[PDB]
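To start, the structure under review is shown below, and the notes come after it.
What follows is calculated from the coordinates using simple rules that are stated; it is not laboratory data. A quick note on method: Cβ atoms are made from the backbone with ideal geometry, for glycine too, and the neighbour counts reach across all protein chains shown.
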Amino acid sequence: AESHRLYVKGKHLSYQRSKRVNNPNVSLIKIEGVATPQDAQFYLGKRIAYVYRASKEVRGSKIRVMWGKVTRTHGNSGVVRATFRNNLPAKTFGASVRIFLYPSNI
Amino acid sequence: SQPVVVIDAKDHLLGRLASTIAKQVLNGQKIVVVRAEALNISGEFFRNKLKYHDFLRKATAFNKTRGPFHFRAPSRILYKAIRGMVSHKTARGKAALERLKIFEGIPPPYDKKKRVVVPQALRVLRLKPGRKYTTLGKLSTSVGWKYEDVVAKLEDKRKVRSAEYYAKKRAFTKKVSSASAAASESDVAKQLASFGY
Amino acid sequence: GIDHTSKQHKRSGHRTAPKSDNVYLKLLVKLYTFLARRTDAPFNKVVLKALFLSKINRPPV
Amino acid sequence: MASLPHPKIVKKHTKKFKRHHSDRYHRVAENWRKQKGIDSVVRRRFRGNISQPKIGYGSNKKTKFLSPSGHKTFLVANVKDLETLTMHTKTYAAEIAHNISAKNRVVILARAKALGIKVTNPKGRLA
Amino acid sequence: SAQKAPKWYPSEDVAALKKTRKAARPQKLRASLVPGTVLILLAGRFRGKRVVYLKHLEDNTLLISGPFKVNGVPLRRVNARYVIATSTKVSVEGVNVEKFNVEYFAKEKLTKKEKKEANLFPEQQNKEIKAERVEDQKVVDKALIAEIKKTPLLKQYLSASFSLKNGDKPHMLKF
RNA sequence: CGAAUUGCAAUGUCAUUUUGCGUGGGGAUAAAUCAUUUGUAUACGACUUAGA
RNA sequence: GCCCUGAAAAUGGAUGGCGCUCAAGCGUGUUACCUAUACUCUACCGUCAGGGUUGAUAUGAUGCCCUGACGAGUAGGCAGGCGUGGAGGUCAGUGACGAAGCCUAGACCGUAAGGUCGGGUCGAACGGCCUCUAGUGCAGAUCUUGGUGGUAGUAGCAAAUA
RNA sequence: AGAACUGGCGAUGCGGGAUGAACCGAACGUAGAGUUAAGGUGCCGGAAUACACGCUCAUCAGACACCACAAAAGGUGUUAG
RNA sequence: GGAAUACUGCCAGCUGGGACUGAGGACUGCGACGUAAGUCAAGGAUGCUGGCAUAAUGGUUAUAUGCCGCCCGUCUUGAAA
RNA sequence: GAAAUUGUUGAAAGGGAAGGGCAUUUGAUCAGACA
């Protein structure tokens with residue numbers, strides 16, 4: 001009834017980084033239910049969206065989506081790296097992104 | 001996974017909570033911590049007392065209203081530990097520490113809402129049996145808290161008002177189990193039992 | 001990085017064209033370049049490398 | 001005009017390369033000057049500081065001097081200057097000079113519309 | 001004379017491509033994409049719908065028809081990545097589909113280049129529907145419905161819509 | 001009973017605060033500041049008082 | 001071996017901080033994981049070297065093309081270049097239908113020095129190219145001259161009886 | 001303060017040692033993907049609140065060499081010998 | 001007495017997913033498959049489909065955010081001093 | 001009729017400095033038609 005989602009809610013945690021310096025070209029995503037790189041490998045290649053509400057109504061609507069994809073795995077606990085057409089704005093470290101299942105292997 | 005989380009802090013260790021809280025709240029989860037006077041901490045009382053009396057010692061000499069504000073309440077000791085773990089000097093630490101709401105005892109809103117427990121900080125699991133541990137209410141009171149004898153007068157009313165609820169619910173569900181156990185001998189359940197329900 | 005034996009980006013200390021601007025020497029250079037490229041002889045090469053020379057290294061005979 | 005012969009223009013460091021401490025002092029313009037100092041932090045190339053010019057930033061030889069349309073610019077002043085680009089049209093584009101009279105803008109443009117030449121500043125002194 | 005010409009004005013008549021060596025071959029699908037197996041769409045208008053796979057067309061796609069009677073889709077084509085292939089199958093040997101190909105579905109809309117200025121319903125072949133598709137969609141599902149009505153709770157399963165719940169971990173569960 | 005032709009994917013629109021506009025059904029009809037003044041007060045501001 | 005006594009200094013304070021106690025400590029061992037301008041592969045720039053080409057194409061070979069390696073840098077050296085005032089040639093160069101100059105979080109090119117364009121302002125001379133020539137390029141010198149600010153409506157305009 | 005051989009700083013940025021002219025790693029054209037160094041993976045902080053055998057509980061514990069200190073002598077506190 | 005398995009190594013053994021790159025621009029070469037013609041994944045990407053013709057997308061500029069960033073010139077072994 | 005410096009208007013931001021570099025969101029502006 002209520003449920004209509006075909007996606008998997010995750011969090012934008014941070015950017016790729018060392019200590020004291022960062023790479024905003026790459027972001028780190030925490031998927032809910034994923035706990036290891038094995039059992040994250042299912043999600044490589046999948047699409048990611050960050051929705052946000054804007055003010056102007058452009059090509060129809062008020063909301064706007066930044067699209068990207070998952071690339072690989074980060075270290076030992078279910079974190080993945082993601083790459084976007086246009087890197088994320090860093091006001092979102094704590095933001096719910098949505099991973100689709102669109103390019104599937106099933 | 002839930003939008004807001006309510007952490008009972010009894011039998012917990014402080015710095016092993018706060019490293020979970022300070023990350024779960026930096027990643028976007030709202031947390032409240034409740035019954036903080038029942039927290040626990042490693043080490044003997046005199047020792048963890050001196051580790052506070054060597055904090056009260058540290059105040060800005062030329063004007064002590066500028067200096068380290070030594071808070072005496074458990075809700076604020078925990079917040080100190082978390083503020084240290086968070087880059088509170090930016091708009092990310094700031095934004096995180098407004099996702100947090102810490103209390104002593106359990107007020108009404110979080111009274112009728114479920115509570116949870118962080119197992120990787122429970123003194124029970126973590127500490128050796130035989131070690132000495134110190135309780136934050138006794139500590140806060142010894143360093144200048146005031147409202148210990150109030151929380152005990154309120155949380156007890158909470159408890160006796162809750163125990164009756166639990167008994168009500170139990171003496172309701174003991175018959176739900178009977179009327180759904182009286183209905184589990186049909187094909188609808190013999191077929192589900194093969195699916196695993 | 002690379003541990004170097006040799007000075008990097010070192011020009012060969014020879015000259016491969018005349019410092020002059022005598023166009024009627026540019027032409028003989030054009031000619032002997034051709035006859036040194038499209039020939040198996042060293043006389044041409046010697047003459048080529050001699051046309052480039054300065055007035056003290058190209059003395060009167 | 002159509003110009004379909006050039007490959008994926010790319011520009012390393014499309015910023016402007018401002019001088020150091022042009023943002024602070026007004027005498028110090030933004031035209032680039034190299035810091036020859038000794039206790040500096042730009043000649044020494046620290047982190048967080050600005051980037052000095054190099055030849056590594058040099059643009060590709062196939063995409064140098066090309067406007068984003070793909071044509072490269074030729075500054076003109078009369079019709080005699082256009083009539084050289086009668087044949088070199090899909091590669092070159094005309095920029096009318098800043099000292100030209102409006103009486104002579106229109107004749108130039110009238111000749112360019114005929115020869116198929118593409119002008120970069122036809123709305124100059126339209127009057 | 002506001003600028004000097006280059007020395008000889010090199011001319012740049014366009015030349016040709018090199019003889020490429022990249023060719024096309026037939027696509028290789030997964031193991032699961034057996035005709036008759038149920039799929040679960042993942043995008044488009046009919047996302048969430050469970051359907052049935054029939055024919056691998058030659059535009060590198062997958063033909064389906066959720067029975068229109070059931071779930072509200074016609075015959076259509078899908079990209080094979082934007083689906084999931086469940087582990088439930090049907091006998092599809094009763095139907096015939098070779099009439100269907102990459103031009104059965106092809107539209108010939110004359111509004112091919114002017115979507116940018118003509119925007120207020122210009123009425124150029126953009127509404128109608130004909131009896132030539134309904135007959136195929138009827139003959140095909142009248143045969144397929146039968147194998148659905150062999151099994152229980154399949155007319156009801158295709159009628160439903162897929163949706164992820166809260167405790168659903170797609171990297172663990174078996175479609 | 002209808003649900004195709006978003007033509008092989010392009011959030012595909014619902015969340016919740018704050019503000020206004022008017023429509024119509026009600027409901028209630030004031031204090032502070034300046035100026036004047038007192039000196040339990042005061043560098044000025046401030047504070048304290050009085051005034052139909 | 002660990003711990004403890006031995007072990008006492010002056011603004012409040014430092015395993016970096018929080019905090020940690022079958023450690024988030026110590027000793028040792030095993031795998032995984034994070035990441036530098038380093039290493040490997042690819043693209044691009046430039047330099048150096050080695051090659052091919054006067055078949056003859058725009059007679060150019062100054063160029064064009066193929067291959068490989070390389071790139072830190074003060075003092076300092078050399079090379080190729082941008083720019084300014086004036087000179088000789090040239091575009092039968094621009095221009096009162098608006099030259100030069102000036103303003104322009106407006107545009108293009110160039111790694112860059114810098115060049116070009118549009119708009120506004122303004123009102124009489126000015127440029128590109130091959131060359132010549134210098135009183136030729138400023139953030140600085142308790143620099144020179146001129147001008148203008150913050151402090152500042154501030155200190156303060158209070159001896160001489162009114 | 002003064003000599004020997006070498007390596008460096010000077011003239012040199014970069015990742016690490018919180019910070020540091022010299023230490024460890026490693027030397028720089030502009031960029032992209034991958035892999036590592038030295039150092040590290042509770043949180044700040046990217047990365048295992050990993051696995052394993054043990055020692056220690058300190059009323060001034062102890063915790064990244066250079067390095068930012070600590071002894072003689074003692075203790076039935078405990079462990080092993 | 002007869003086997004297996006582990007561990008280490010080898011395969012010019014098969015197979016699945018994912019990420020970045022598409023440089024070059026007639027032919028010439030090495031090879032493979034084929035009776036031949038010819039075809040090929042073999043001296044650097046082609047095909048099919050859809051969307052857009054302007055907030056598509058891109059540049060500049062302002063602000064917000066994460067990380068970093070001490071004031072230049074100078075003498076100096078050494079200057080933010 | 002430049003600049004420092006200053007007034008008015010407009011936009012924007014602003015917890016014990018400001019300014020800068022990389023990356024992007026949002027806003028402003030420009031782009032190009034590929035008719």
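For this structure, a couple of remarks:
- Of all residue pairs spaced 6 or more apart or on separate chains, those with beta-carbon atoms under 8 Å, a first member in segment E:62-74 that is on the phi > 0 side of the Ramachandran plot and a second member that is crowded, with 22+ Cβ neighbours inside 10 Å are E:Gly72/E:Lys49; E:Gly72/E:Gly66.
- Here A:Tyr52 fulfils each of the conditions (1) away from every other protein chain (no Cβ under 11 Å); (2) within 11 Å of RNA strand I (Cβ to nearest atom); (3) in a strand (DSSP E or B) apart from (2).
- Counting residues in segment B:95-117 that are within 14 Å of chain A (Cβ to nearest Cβ) and either farther than 16 Å from B:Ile7 by Cβ or among the β-branched types (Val, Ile, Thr) (or both) gives one or more.
- Single residue of C:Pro18, C:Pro60 found to be exposed (fewer than 11 other Cβ atoms within 10 Å of the Cβ), of a type outside the set (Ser, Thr, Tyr) and not in a helix (DSSP H, G or I): C:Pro60
- In segment A:7-25, residue nearest to the other protein chains (Cβ to nearest Cβ) [restricted to those that are part of a strand (DSSP E or B) and within 12 Å of RNA strand G (Cβ to nearest atom)]: A:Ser14
- Failed criterion for D:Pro68 (all others in (1) touching a residue at least 24 places away in the same chain (Cβ under 8 Å); (2) within 15 Å of RNA strand H (Cβ to nearest atom) hold): (2)
- Helices (runs of 4 or more DSSP H) fully within segment B:100-194 counting 2 or more residues that are β-branched (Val, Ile, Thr): B:136-143, B:148-181
- Among the residues making up segment B:94-122, those that are in contact (Cβ under 8 Å) with a residue 12 or more places away in the chain and either in contact with a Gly (Cβ under 7 Å, 6 or more places away or on another chain) or within 16 Å of RNA strand I (Cβ to nearest atom) (or both) are B:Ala96, B:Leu97, B:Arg99.
- Annotation for segment E:139-147: at least one member residue is away from chain A (no Cβ under 14 Å), surrounded by 13 or more Cβ atoms within 10 Å (Cβ to Cβ) and among the acidic types (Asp, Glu).
- The C-beta contact set for segment E:148-175 (first residue facing chain A (nearest Cβ under 9 Å) and without any contact (Cβ under 8 Å) to a residue 60 or more places away in the chain, second residue surrounded by 13 or more Cβ atoms within 10 Å (Cβ to Cβ) and of a type in the set (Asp, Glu), distance under 9 angstrom, 6+ apart or interchain) comprises E:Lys169/A:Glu32; E:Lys169/A:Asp39; E:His171/A:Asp39; E:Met172/A:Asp39.
- Hits in segment D:90-123 - residues which are closer than 17 Å to E:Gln3 by Cβ and either within 16 Å of RNA strand F (Cβ to nearest atom) or in a loop (DSSP other than H, G, I, E, B) (or both): D:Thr91, D:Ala97, D:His98, D:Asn99, D:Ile100, D:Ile117, D:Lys118, D:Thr120, D:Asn121
- Filter result for E:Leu54 (touching a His at 6+ places or on another chain (Cβ under 7 Å) and either away from chain D (no Cβ under 14 Å) or touching a residue at least 40 places away in the same chain (Cβ under 8 Å) (or both)): no
- If the condition is being more than 16 Å from RNA strand I (Cβ to nearest atom) and either among the basic types (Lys, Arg) or more than 11 Å from every other protein chain (Cβ to nearest Cβ) (or both), then segment D:64-73 contributes D:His71, D:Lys72.
- D:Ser51 falls short on exactly one of the conditions (1) within 11 Å of RNA strand J (Cβ to nearest atom); (2) surrounded by fewer than 11 Cβ atoms within 10 Å (Cβ to Cβ), and that condition is (2).
- The strands (runs of 3 or more DSSP E) located wholly in segment B:1-52 that include 2 or more residues which are within 14 Å of chain A (Cβ to nearest Cβ) occupy B:30-34.
- Selection from segment E:1-50 of residues that are assigned to a loop (DSSP other than H, G, I, E, B), closer than 23 Å to A:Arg47 by Cα and either within 14 Å of chain D (Cβ to nearest Cβ) or of a type in the set (A, V, I, L, M) (or both): E:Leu29, E:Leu33, E:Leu42, E:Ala43
- Residue within segment E:85-100 that is on the phi > 0 side of the Ramachandran plot, crowded, with 18+ Cβ neighbours inside 10 Å and part of a loop (DSSP other than H, G, I, E, B) present: no
- Condition met for A:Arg64 (surrounded by fewer than 18 Cβ atoms within 10 Å (Cβ to Cβ), among the charged types (D, E, K, R) and either more than 9 Å from RNA strand I (Cβ to nearest atom) or within 13 Å of the chain's Cα centre (by Cα) (or both)): no
- Restricting segment D:74-89 to residues that are of a type outside the set (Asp, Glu) and assigned to a helix (DSSP H, G or I), the residue that is nearest to the other protein chains (Cβ to nearest Cβ): D:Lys80
- With respect to the conditions (1) away from RNA strand J (no atom under 14 Å from the Cβ); (2) assigned to a loop (DSSP other than H, G, I, E, B), D:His20 lacks only one, and its number is (1).
- Test: A:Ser104 is under 22 Å from E:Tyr82 (Cβ atoms) and not in a strand (DSSP E or B): yes
- Test: A:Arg72 is near RNA strand H (Cβ under 10 Å from one of its atoms), free of Cβ contacts under 8 Å to residues at least 40 places away in the same chain and over 11 Å from the mean Cα position of the chain (by Cα): yes
- Number of residues in segment B:91-106 that are out of contact with any strand residue (DSSP E or B) (no Cβ under 6 Å at 6 or more places or on another chain), farther than 13 Å from B:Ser162 by Cβ and surrounded by 12 or more Cβ atoms within 10 Å (Cβ to Cβ) equals 7.
- Some residue of segment E:59-79 being assigned to a loop (DSSP other than H, G, I, E, B), of a type in the set (D, E, K, R) and either within 11 Å of chain A (Cβ to nearest Cβ) or touching an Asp or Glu at 6+ places or on another chain (Cβ under 7 Å) (or both): yes
- Output for segment B:58-90, where each listed residue is within 14 Å of RNA strand J (Cβ to nearest atom) and out of contact with any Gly (no Cβ under 6 Å at 6 or more places or on another chain): B:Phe62, B:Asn63, B:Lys64, B:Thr65, B:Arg66, B:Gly67, B:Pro68, B:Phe69, B:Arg83, B:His88, B:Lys89, B:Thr90
- Any hit, segment A:87-100, residues being without any contact (Cβ under 8 Å) to a residue 24 or more places away in the chain, out of contact with any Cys (no Cβ under 8 Å at 6 or more places or on another chain) and away from chain B (no Cβ under 14 Å): no
- Flag for A:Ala54 being away from RNA strand F (no atom under 13 Å from the Cβ) and surrounded by fewer than 18 Cβ atoms within 10 Å (Cβ to Cβ): no
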